[PDB]
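Engineer: PDB entry and its sequence, pasted below:
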Amino acid sequence: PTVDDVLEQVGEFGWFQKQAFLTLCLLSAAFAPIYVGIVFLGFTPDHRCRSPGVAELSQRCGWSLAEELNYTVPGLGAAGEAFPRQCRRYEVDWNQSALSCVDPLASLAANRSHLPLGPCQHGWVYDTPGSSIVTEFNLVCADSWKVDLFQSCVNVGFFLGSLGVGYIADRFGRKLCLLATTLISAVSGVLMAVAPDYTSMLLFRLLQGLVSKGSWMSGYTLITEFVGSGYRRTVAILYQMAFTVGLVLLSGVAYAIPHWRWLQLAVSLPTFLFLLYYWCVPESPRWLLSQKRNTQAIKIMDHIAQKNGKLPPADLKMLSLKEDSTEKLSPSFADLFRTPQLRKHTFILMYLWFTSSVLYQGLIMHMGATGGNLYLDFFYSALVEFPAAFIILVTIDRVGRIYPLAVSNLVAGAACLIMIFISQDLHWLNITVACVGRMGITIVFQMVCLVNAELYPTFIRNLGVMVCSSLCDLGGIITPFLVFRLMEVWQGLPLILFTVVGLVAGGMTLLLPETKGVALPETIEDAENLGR
Ligand SMILES: *[C@@H]1O[C@H](CO)[C@@H](O[C@@H]2O[C@H](CO)[C@@H](O)[C@H](O)[C@H]2NC(C)=O)[C@H](O)[C@H]1NC(C)=O
């Protein structure tokens with residue numbers, strides 16, 4: 001009367017599993033707005049110094065937007081690529097000075113650079129009709145650094161929340177967390193849209209970042225536990241693919257409404273509405289069984305059978321773990337680093353996450369020039385993931401999990417190396433090769449997440465994935481400084497670093513025990529001899 005066998009008898013993937021997965025997938029998209037980052041909310045458009053006098057002249061004679069930029073603004077390319085033009089204002093009187101459209105400012109100085117440069121007051125004038133966080137508080141020229149501070153604060157919030165949310169998640173149940181985390185994320189999201197100052201915006205975004213990844217991972221583990229042992233691949237990969245669909249939909253709606261306030265206020269509400277379906281999914285049976293709450297576990301199991309409609313097995317009356325466990329099974333950080341096998345697994349998974357994140361950021365950084373339409377570029381970058389799902393979805397159970405993960409982790413680094421060595425000049429090849437690397441990295445991410453979820457004990461499964469995921473955000477934070485510094489020493493030093501990181505990670509993956517078609521562990525001692 002073990003949990004897995006009774007689950008087989010009552011249907012591994014029945015109509016109950018489909019409904020629960022539909023709801024959790026509806027939750028999946030809610031993580032796209034918080035994960036997409038500052039983009040679509042802090043895009044910096046073209047900007048020049050507003051002048052009062054230009055407004056008068058603009059109507060007097062025929063004008064064009066391109067023409068106004070050229071001979072009304074200070075020229076670019078002096079003492080910097082575009083530092084003068086962006087936020088420097090000549091401050092020559094354009095009002096009550098009728099010098100004709102042909103020669104508005106030429107006559108006075110007989111030269112441009114020598115002209116007198118004043119302060120860039122009167123705020124700024126922006127190109128795009130929409131408004132972003134940059135346009136709101138004028139964080140353009142003097143305070144430009146503030147945007148980087150905002151991004152770094154969000155990332156450090158991710159990093160802290162990764163560690164923090166795990167313990168509150170596993171000790172107090174997987175549905176007490178998913179409910180509270182998504183509720184806090186929703187309330188922070190709407191509260192943000194009414195932020196009048198810059199401090200409140202940062203604080204609310206920090207809270208949302210703290211809670212979002214916890215919500216997403218507690219949603220992931222729940223379905224992974226619910227589904228049968230054999231059908232884990234479909235549930236996990238379709239969860240990731242739902243996340244990708246949510247990303248595409250976010251790009252679409254972002255192009256729909258440019259304004260940041262309305263964008264946030266609209267995209268956040270569906271996460272709040274998801275709360276309306278909290279009553280659909282109950283607590284995971286395995287967690288309850290491991291906590292010694294057997295009556296609730298059997299009650300939940302009977303409900304699954306009733307909705308699925310096959311039959312209730314009479315053996316449930318004696319449902320319990322394989323071996324008579326101890327009264328208390330509290331999750332703690334100390335228990336994570338006791339068994340040598342579990343310690344080795346944790347170290348290997350941490351390194352895997354770190355290398356995956358570093359290689360991803362290196363690839364995106366080393367990409368080609370950005371396209372004219374940011375939205376179209378983001379749409380393509382999201383769409384490049386769909387074939388990854390249909391590649392992985394058919395290979396896991398047929399070939400196992402270690403080999404594809406290792407081979408993709410190797411091929412991503414190989415593609416980075418070939419891009420470094422082979423000509424990087426504008427050609428049709430390079431874009432497609434980069435797409436190959438993108439698909440490799442996406443496969444690595446999804447496979448690492450799945451294997452890490454499957455490898456840990458059930459009673460601390462969430463904590464393990466949280467800890468091993470923190471290094472992902474750590475690497476994402478640190479990589480830009482590393483690549484900037486290394487470039488100074490040698491032109492190609494960062495590329496060698498990325499390639500060696502990828503190769504070493506791919507080599508080290510092989511030692512991780514395989515999990516093809518084996519019931520996920522429920523006891524740390526049992527997980528220790530998983531390979532045996
Ligand atoms: C761009 O600005 C420059 C300003 O230098 C314009 O080109 C010349 O500007 C000098 C300075 O006033 C004039 O003496 C020349 O007569 C300008 N060129 C010509 C062909 O007359 C230029 O016209 C501006 N851009 C456009 C599209 O006209």
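Structural biologist: Done, it's in. Numbers count the residues shown, from 1 in each chain.

Engineer: Identify each buried residue in stretch 345-357, please.
Structural biologist: Applying a neighbour-count criterion of 16 or more other Cβ atoms under 10 Å, one finds 345-346, 348-357 buried in stretch 345-357. Any C-beta I mention is one placed from the backbone N, CA and C, and that applies to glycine too.

Engineer: And for stretch 191-207?
Structural biologist: 192-193, 195, 201-207.

Engineer: Ok, stretch 396-408 next?
Structural biologist: Within stretch 396-408, the residues that qualify as buried are 396, 401-402, 404-408, counting by 16+ other Cβ under 10 Å.

Engineer: Then stretch 57-73?
Structural biologist: Across stretch 57-73, burial judged by 16+ other Cβ under 10 Å covers 57, 72-73.

Engineer: just stretch 353-372 next, same as before
Structural biologist: Of the residues in stretch 353-372, those buried under the neighbour-count criterion (16+ other Cβ under 10 Å) are 353-363, 366-367.

Engineer: for those, which one is nearest the ligand?
Structural biologist: Of all these, the one sitting nearest the ligand is residue 367; the distance, using Cβ to the nearest ligand atom, is 32.7 Å.

Engineer: Excluding chain neighbours, give the residue nearest to the closest one in space.
Structural biologist: In space, not counting the residues next to it along the chain, residue 367 is nearest to residue 434; the distance is 6.0 Å by Cβ to Cβ, 6 or more residues apart in numbering.

Engineer: tally of neighbours for the residue nearest to residue 231 when sequence neighbours are not counted?
Structural biologist: Nearest-residue entry for residue 231: residue 13, 4.7 Å, with adjacent residues in sequence omitted and distances by Cβ to Cβ, 6+ apart. If you count neighbours by other Cβ atoms under 10 Å, residue 13 ends up with 17.

Engineer: Give me the phi and psi angles of residue 13.
Structural biologist: According to degrees, to the nearest 10, the main-chain angles of residue 13 amount to phi -130, psi 80.

Engineer: ditto for residue 124
Structural biologist: phi -150, psi 160.

Engineer: which residues does it form a beta bridge with?
Structural biologist: Judged by DSSP bridges, the bridge partners of residue 124 are residue 49.

Engineer: OK, contacts around it?
Structural biologist: Contacts for residue 124 were tallied using Cβ atoms under 8 Å, 6 or more residues apart in numbering; they are 47-50, 87, 138, 140-141.

Engineer: Which single one of the residues you listed is nearest to residue 510?
Structural biologist: Ranking the contacts of residue 124 by separation from residue 510, with Cβ to Cβ as the measure, puts residue 140 on top at 50.3 Å.

Engineer: Can I take it that the closest one is in a strand?
Structural biologist: No. Looking at residue 140 with DSSP: H, G, I helix; E, B strand; the rest coil, it is coil, so not inside a strand.

Engineer: any idea how far residue 44 is from the residue of the stretch 351-500 of the chain found nearest the ligand?
Structural biologist: Here the stretch 351-500 of the chain gets closest to the ligand at one residue, residue 372, 20.9 Å apart by Cβ to the nearest ligand atom. Spatial separation of residue 372 from residue 44 under the definition Cβ to Cβ, to the nearest Å is 16 Å.

Engineer: same thing with residue 28?
Structural biologist: Here the criterion is Cβ to Cβ. By it, residue 28 lies 30 Å from residue 44.

Engineer: Settle it for me: which of the two has more neighbours?
Structural biologist: Residue environment comparison for residue 28 versus residue 44 gives the larger neighbour count to residue 28, 24 against 16, counting by other Cβ under 10 Å.

Engineer: Run through the residues that contact that one.
Structural biologist: So residue 28 contacts 216, 219, 239, 242-243, 246 (Cβ under 8 Å, 6+ apart).

Engineer: and those residues as TSV, adding neighbour count, secondary structure and distance to residue 130?
Structural biologist: Rendered in TSV, the data for the contacts of residue 28 read as follows (neighbours: other Cβ atoms under 10 Å; DSSP: H, G, I helix; E, B strand; the rest coil; distance: Cβ to Cβ, whole Å):
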residue	neighbour count	secondary structure	distance to residue 130
216	22	helix	28
219	26	helix	32
239	22	helix	32
242	19	helix	28
243	21	helix	26
246	23	helix	22
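
Engineer: what's the farthest-apart pair in these?
Structural biologist: Farthest-apart pair in the contacts of residue 28 is 219 and 246; separation 12.4 Å (Cβ to Cβ).

Engineer: Residue 420 is in contact with residue 430, correct?
Structural biologist: No. At 11.3 Å, residue 430 does not count as touching residue 420 under the criterion of Cβ atoms under 8 Å.

Engineer: coming back round to it: just the buried residues of stretch 353-372: which are in helices?
Structural biologist: Helix and strand membership here follows DSSP state H; of the buried residues of stretch 353-372, those in helices are 353-363.

Engineer: of those residues, closest to residue 491?
Structural biologist: Nearest to residue 491 among these: residue 362, at 15.0 Å, using Cβ to Cβ.

Engineer: residues contacting the closest one?
Structural biologist: The contact partners of residue 362, by Cβ under 8 Å, 6+ apart, come to 416, 479, 483, 494, 498.

Engineer: Next one: the fourth one relative to residue 220, how far apart?
Structural biologist: Between residue 494 and residue 220 the computed distance is 32 Å (Cβ to Cβ).

Engineer: Those two: which is more packed in?
Structural biologist: Under the neighbour definition other Cβ under 10 Å, residue 494 and residue 220 were set side by side, and residue 220 has more, 24 against 21.
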